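# Structural characterization, general
In case you want the letters, here they are:
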Amino acid sequence: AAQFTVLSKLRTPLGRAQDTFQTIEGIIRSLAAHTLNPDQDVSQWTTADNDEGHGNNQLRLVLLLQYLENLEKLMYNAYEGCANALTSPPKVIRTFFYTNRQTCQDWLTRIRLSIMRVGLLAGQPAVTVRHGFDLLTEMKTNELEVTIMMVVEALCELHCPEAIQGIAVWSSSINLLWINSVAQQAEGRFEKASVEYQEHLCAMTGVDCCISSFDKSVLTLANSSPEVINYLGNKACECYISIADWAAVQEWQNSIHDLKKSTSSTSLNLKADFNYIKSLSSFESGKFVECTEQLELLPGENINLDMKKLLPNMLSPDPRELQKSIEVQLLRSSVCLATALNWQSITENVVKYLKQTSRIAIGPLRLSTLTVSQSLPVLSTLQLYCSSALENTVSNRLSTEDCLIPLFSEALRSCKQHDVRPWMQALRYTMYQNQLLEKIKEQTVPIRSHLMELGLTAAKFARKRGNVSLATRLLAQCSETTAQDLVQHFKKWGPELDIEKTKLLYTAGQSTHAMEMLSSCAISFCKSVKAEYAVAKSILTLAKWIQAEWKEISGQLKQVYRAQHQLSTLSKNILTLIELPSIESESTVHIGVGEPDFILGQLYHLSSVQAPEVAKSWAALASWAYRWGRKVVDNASXXXXXXXXXXXXXXXXXXXXXXXXXXXXXXXXXXXXXXXXXXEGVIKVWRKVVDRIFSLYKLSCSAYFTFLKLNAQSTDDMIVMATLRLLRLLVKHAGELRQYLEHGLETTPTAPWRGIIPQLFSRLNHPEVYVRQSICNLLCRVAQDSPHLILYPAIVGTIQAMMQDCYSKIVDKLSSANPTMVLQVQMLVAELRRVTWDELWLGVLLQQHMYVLXXXXXXXXXXXXXXXXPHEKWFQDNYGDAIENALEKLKXXXXXXXXXXXXXXXXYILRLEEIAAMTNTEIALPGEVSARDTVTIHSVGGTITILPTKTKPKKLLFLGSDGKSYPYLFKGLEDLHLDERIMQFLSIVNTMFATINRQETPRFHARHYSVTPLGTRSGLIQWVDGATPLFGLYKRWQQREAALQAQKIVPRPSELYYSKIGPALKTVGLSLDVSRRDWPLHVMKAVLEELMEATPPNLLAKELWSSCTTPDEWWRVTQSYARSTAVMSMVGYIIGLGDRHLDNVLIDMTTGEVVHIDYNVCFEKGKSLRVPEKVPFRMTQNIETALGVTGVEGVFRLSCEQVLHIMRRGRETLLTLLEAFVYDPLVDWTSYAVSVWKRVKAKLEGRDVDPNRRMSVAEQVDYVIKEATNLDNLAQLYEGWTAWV
Ligand SMILES: O=P(O)(O)O[C@H]1[C@H](OP(=O)(O)O)[C@H](OP(=O)(O)O)[C@H](OP(=O)(O)O)[C@@H](OP(=O)(O)O)[C@H]1OP(=O)(O)O
Ligand SMILES: Nc1ncnc2c1ncn2[C@@H]1O[C@H](COP(=O)(O)OP(=O)(O)NP(=O)(O)O)[C@@H](O)[C@H]1O
């Protein structure tokens, strides 16, 4: 319909071009006016004949908005155009829409204000958000506050506090301190938002309107225009209603009435049916008489004592009204059933009522599919589930498990992105059944456990968002206004309830009381029957809380330590917990280990022994032991004295004792030192002391091995860290603690080692004997049941005998299960290596022509001819006279003629038959690290394409069993060994975002491809599909502009830049012959400014908008793009990625994510070039506009801060991996690697640019953004970078 309207020059059956606009404008204005006053009763939009017409009204309202959205897109494409998103319309249409652009834009900006209200009414925040952003962008020259209000409300409905915060900062640069409060409410903090709203209202009116609430001192620690006043007043009521605080609602109503009567506002009025609120309060309080009496005033069919027309007339198409109607119907059914209990008397009519209610409640879920939303409504889903549960209990009389709401504790780890309202609705309908159980004499289903589970989960979610009052009420209900009250009232779900109470006490501010309660609870849990997950959780929580207050708790730990070798409540409790009866001695930790630090180790050991099935207990103990072991070993670089004195039957004894442990080939050095100092039983004491010093490493190794064995449950990020630590300790110290490493490696599984395989292969040249054997055995074992990860590396390596015997053994071991596969793999590798002739001859001739102006040339030519002796036959039959020509020219135009002929014949498409072809192959694809069900190669592409201007790349495709094509890129003489390390690093970084990705719609991810080297110079790189280069959009825009200007090729970036820098330099005195270094800064800034003003800054934004189908999809794609850009910007700045031109940045229109390809200018290599680069990442005009109206002030900055926080927390693993990359014999860095590692470490530690000052995450993000967005740095950049676009 939209296409027909645009293609007809707006001349539809509705009338002329103006009649259509007038009709749409009138309908939109009427609907918008009805939003302000819900009593307008718009004809054909608020009335229906039955319950089915009402759903149709909402459907029609959504369709109208979709039609307008498509019409605008088509008009824009008609007068401006796109780049592959939409097809160019005919010339006649383009000519008409180009001369009428002003009228079309004026009409749109004229109705944009009403469209936002209509979108807000229809429950489609995406429409109003997009329209608001478009309206704000045009406002570059009191309608500004209304737009901000609608935009903030829409963003609040979408649960996007980051965008709200960005908008607050953006608006602060134009009396808008109330936006932050809405941001707080968008995160689920209803208790704090109401207080902030009251504080703002008391200042915008001058009259105090506060109400009684929880202690404001601890509330903050746990987490003038009439329109603004009314908006804030209504939001406060909404916040109070969300947590179901009826008393607070009544108090707020009284306060609002008093404030209105004390200021004669005449415009401030709460828009909320209080009769419905009173009915809800009465129903929840158990007073069914008052509830049924109050329900008679609400609209709709009378309470049960036709079925199709249950909803009343004049109903607004607002989903909020539908939710209220459904709630009223549910309450009526519940009251009717309760009165009927005290089976077809009053059970026959209620079933039909509930069935109709359920049929109506599925409307919103159905509408959620018409628009690609990727998610279902939350309140609407629970309404339908509650109706189903009520229907089941009315017919089964609470006798089947289907009568309960399917809300369990499992939602704790899968629904962290939702507020507490769903739990409130579930609890409201569950308590009714619990109370109803008292009127059923027959057997029923146990609801007490379900109620306890729901209450505990609701309390946990309430505490996680600062709602102390709600959490207190829920905990009290489960247990059947000041912190002191909570302390005096709280100090299969027993242990969970106790731990939750302790956590709430800690959140309220009483850390000492919470610690004491946890200690008392742990002492009892350690003497329980099961206590599996209860002891570990309590001990780990107590240990974590102790580290927080390390300054105020260090004194107590010392006292408890001294008390053990011979006290407050917490100290005595800790003493009793560690002194419990069933491996760490004080002698091995009395050298450089702090006294309070030993208590933590004992606590970790106790947690690990009381719960051997918990992986967390082992990981914590292993980490603590490893850190202290490294510290004691670094710092160290009675029985012993008695043994030495007895075995040596005054200064000599002291010297010998000092030399025995001075700095412990070691045996020879010790013997020489002893002989030179004293002048053989010293070997026993020396061995005993060296073994005692390495006790921490042994304990850490045992704990790490146990943790890895328990993961054959825990995040892979921790697994990679443990494996890296074990490998590093085994490489560094191998002979001192070999007894543990040997057995552990011989018994450890092979699943947690699939992430450090390259490091294992790299450490195969260790200067030891059993170390190499152990690594080889581990790799051989990994090959079994998983040969797709050892096949290519072993085959390439086998194609210093230490680095050869291991590879041969691995290949032999892997060939014992499929010799045919190994042979085919070797044949394929050989064919690929030989498919890298004409190219060699051309290169040799070109090099000789330049190196000529003797015997070296003759020798090189002879070697090349000897090396060259389907495709080779043709080359030989066509140029076999080369040898004769070279021999005749030895005693020289033949070489020049051959080179010229080759160059002329060079100026792509090849065939596989002439350059063999297998089928039904069972070889793994080149790179299947993450593939549970590996796909084998099925065929090979019959054609090969050669990429021009980029050396000699070959695009080869591979067929799979899944009938899908997998493109690849073959490179010759590139040495892609370093790229593989970068790709592995990217995967390790992505590994740290697994936890945060479970409760965030826009996932934190860094797109990357696979790199498979095929030797020392060649390699196979994966091809990225679905992502287009950013330069394409600029090129298409240039072509469109040229075509438009032709009526009434395109220049290259260098040609366009010089054409402007020439006259500018000539107008000041200098000339083009002057060196680029000696160029005025003002001239460069002026040319950059002139170039930016000529290019449109919304190319990418418009392309992304035109690619999406619905507003919801547009919002999802925009958020995905912002988060991906932030993640890649921080990753690139941390590693030091450079050369970020338009051809190296790709964009996936399907999802909105970005992906980089070239990585040869990493590790700050772009800073030292002919034209140095001073920007950390690309933040040009087009990149910033695609982020929205606020730019880098909202989601981008916050996402960047989050990414930096995660990296700073997990920098240990990144540095460990980088160290391994540095010490790699297969990586060609050319102490450059040491400098690179130090630079990365400094950036990760926050000490990027500072002598001794350590910056913060926010400061670092701000500094990087400022350095990447300033015009002074973008002007003095290479012209090929295209800083103006
Ligand atoms: O109360 P719980 O249900 O046990 O929640 C805890 C804990 O919550 P609190 O910090 O509010 O006490 C943390 O939840 P998030 O921070 O991830 O939202 C997190 O612990 P940390 O972040 O402090 O490490 C995680 O525990 P963990 O990360 O160790 O798995 C989690 O669940 P569990 O404690 O049950 O594991
Ligand atoms: N993984 C990839 N996926 C898709 N396209 C790619 C990939 N890698 C490179 N390309 C593109 O395919 C071509 C490969 O040629 P390439 O050799 O990378 O260009 P180049 O000028 O030599 N830059 P460089 O790679 O640093 O030498 C270029 O046009 C790249 O933009």
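Residues numbered from 1 in each chain as written, not as in the entry; some residues may be left out. Chains lettered and ligands numbered in written order. Part of a larger assembly, values for the part shown. Heavy atoms only, no water. Residues with missing side-chain atoms left out of burial classes, pairs and counts.

The deposited coordinates for this entry were obtained by cryo-EM, with a reported resolution of 2.82 Å.

## As for the overall build of the protein chain
Along its length, the protein chain carries 59 helices and ten strands. On C-alpha atoms alone, the protein chain measures out to a radius of gyration of 37 Å, which is about the 33 Å that the 2.2 N^0.38 rule sets for 1285 residues. With the principal axes as the frame, the protein chain shows a C-alpha extent of 115 × 105 × 70 Å. (Helix = DSSP H or I, 4+ residues; strand = E, 2+ residues; numbered from the N terminus. Rg over C-alpha atoms; globule rule 2.2 N^0.38 Å.)

## So, the packing of aromatic side chains
Consider the rings of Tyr 506 and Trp 545, whose centres lie 3.9 Å apart with planes at 5°: the pair is stacked. Residue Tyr 506 is located in helix α24 (residues 494-508), and its partner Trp 545 is located in helix α26 (residues 532-548); the two are separated by 39 residues in the primary sequence. Through successive ring pairs, a cluster of aromatic residues spans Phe 283, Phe 288, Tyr 429 and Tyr 432. In this structure, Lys 1102 is placed above the aromatic ring of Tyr 76, and the distance from its NZ or CZ to the ring centre is 4.3 Å. (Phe/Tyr/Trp six-rings, centres within 6.5 Å; stacked < 30°, edge-to-face > 60°. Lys NZ or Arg CZ within 6 Å of the ring centre and 35° of its normal.)

## A look at the packing of helix α28 (residues 569-578) against helix α29 (residues 595-610)
Where α28 meets α29, the closest approach of the two axes is 10 Å, and the angle between their N-to-C directions is 50°. If you check the angle between α28 and α29, you find them oblique. In this structure, the crossing between α28 and α29 has a hand that is left-handed. Two secondary-structure elements touch here, α28 through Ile 574, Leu 577 and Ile 578 and α29 through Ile 599, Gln 602, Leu 603 and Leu 606. Here the residues of the contact of α28 with α29 are counted per class, giving six nonpolar, one polar and no charged. (Axes fitted to C-alpha atoms, helices over the stretch in contact; angles between N-to-C directions. Parallel < 35°, antiparallel > 145°, perpendicular 65-115°, else oblique. Left-handed = near helix turned anticlockwise from the far one by under 90°. Contact = heavy atoms within 4.5 Å. Nonpolar A, V, L, I, M, F, W, Y, C, P; charged D, E, K, R; others polar.)

## Description of helix α5 (residues 101-121)
The end-to-end C-alpha separation of α5 is 30 Å, in line with the 30 Å expected for 21 residues at 1.5 Å each. The largest bend in α5 is about 45°, located at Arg 112. Count one or two residues on from α5 and you reach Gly 123, which has phi positive near 65°. (Expected span 1.5 Å × (residues − 1). Bend = angle between axes of the 7 residues up to and from the residue.)

## Here we look at the sheet that holds strand β10 (residues 1154-1156)
Strand order in this open sheet of three strands is β8-β9-β10, and the pairing throughout is antiparallel. The open sheet terminates on both sides in strands that have one partner only, identified here as β8 (1028-1029) and β10. Across three bridges, strand β9 (residues 1145-1147) lies against β10 in antiparallel orientation. Paired with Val 1145 across the strands is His 1156, a residue of β10. Sheet contacts for helix α53 (residues 1111-1135): β9 and β10; angle to β10, the most-contacted strand, approximately 25°. (Pairing = 2+ DSSP bridges.)

## Structural notes on the environment of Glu 1103
Position of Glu 1103 among the secondary structure elements: in helix α52 (residues 1099-1107). Once the C-alpha coordinates of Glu 1103 and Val 1155 are considered, the two residues, 52 residues apart in sequence, prove to be 17 Å apart.

## Considerations on the pattern of salt bridges
With a closest N to O distance of 3.4 Å, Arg 112 and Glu 72 form a salt bridge. In this pair, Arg 112 sits in helix α5 while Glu 72 sits in helix α3 (residues 51-79), placing the two residues 40 residues apart along the sequence. When the shortest N-O distance is used, the salt bridge between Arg 1239 and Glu 1164 registers 3.1 Å. (Salt bridge = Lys/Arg side-chain N within 4 Å of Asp/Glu carboxyl O.)

## Remarks on the pairing of strand β4 (residues 954-960)
Bridge count between strand β2 (residues 937-940) and β4: three bridges; the pairing is antiparallel. Within β4, the residue paired with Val 940 across the bridge is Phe 958. Alignment of strand β3 (residues 943-946) against β4, held across two bridges, turns out to be antiparallel. Bridging from a neighbouring strand, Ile 946 pairs with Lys 954 of β4. Pairing of β4 with strand β5 (residues 965-971), which is carried by six bridges, proceeds in the antiparallel orientation. Residue pairing across strands places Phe 958 opposite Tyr 966, the latter belonging to β5. From the end of β4 to the start of β5, which pair antiparallel, there are four residues, and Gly 963 there has a positive phi angle of about 60°.

## Describing the packing of helix α21 (residues 448-463) against α24
Two numbers describe how α21 lies on α24: the axes approach to 11 Å, and their chain directions differ by 20°. In terms of their interaxial angle, α21 and α24 are classed as roughly parallel. α24 is crossed by α21, and the crossing has left-handed handedness. Here α21 contributes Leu 456, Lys 460 and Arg 463 to the contact with α24, which in turn contributes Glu 496, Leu 497, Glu 500, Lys 503, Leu 504 and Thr 507. Looking at side-chain class alone, the contact of α21 with α24 contains three nonpolar, one polar and five charged residues.

## Focus on unusual backbone geometry
Note: most residues except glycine have negative phi, and most peptide bonds are trans. With phi around 55°, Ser 264 is a residue other than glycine that occupies positive phi space. Residues other than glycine seldom take positive phi values, yet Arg 397 does so here, at roughly 55°. You can see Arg 397 is positioned in the loop between α19 (378-396) and α20 (421-436).

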